[PDB]
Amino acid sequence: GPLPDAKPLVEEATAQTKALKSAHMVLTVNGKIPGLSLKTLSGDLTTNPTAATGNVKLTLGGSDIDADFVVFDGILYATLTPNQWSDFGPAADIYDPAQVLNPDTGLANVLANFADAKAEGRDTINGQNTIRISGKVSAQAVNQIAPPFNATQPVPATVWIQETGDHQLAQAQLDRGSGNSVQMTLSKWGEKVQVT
């Protein structure tokens, strides 16, 4: 029926997100974001210390590639060919996965810079009730979490936050105009992350 006020909900999600250590994430890009090859990714992230494992589909020379990836001890590895691990050097020289959960420049920072918050509706995300919430994320906050986005103005955005319970950020979308966008879904907050 009636929707909660978006502002307090965002502020709560911000606090909860700052305390996050680990999560499963699914990330997709709709349309085209110039300079970003990635199309989809699914994986598990933990921090302090940083480690990540998952799969990614990206374009590497006009071909679509499915690779498994691991970030461990600061290094990125991926299977560019089946069951064959390649070492691509320091993950940070491509993208440090812990960025997403960095309390100062990751999802928590997006939330803290999410302006004009307005509750729009309710949606199920991964079997949970969430409030869909519209607003605008600052260019700087966007560029810090997602450099290839190259924001030059506030970015229209939608976040879905758990209506009840821990009020976690379930999903976020950044709209780059047209049907070009990036979206990420978070689940399994606090899961123990494998061992590469």
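For every residue, the number given is its place in the sequence shown, counted from 1.
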Given the B-factors recorded for C-alpha atoms, which segment has the greater mean, 26-34 or 59-67?
59-67
Reading the B-factor column for Cα atoms of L169, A157, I131, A151, the highest value belongs to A151
Name the third of the chain's ranked CA B-factors that contains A91, choosing lowest, middle or highest.
middle
Chain-relative CA temperature factor third for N126:
lowest
When the modelled residues of the chain are sorted by Cα temperature factor, does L80 land in the lowest, middle or highest third?
highest
Can you tell me which third, lowest, middle or highest, the CA B-factor of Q183 falls into for its chain?
lowest
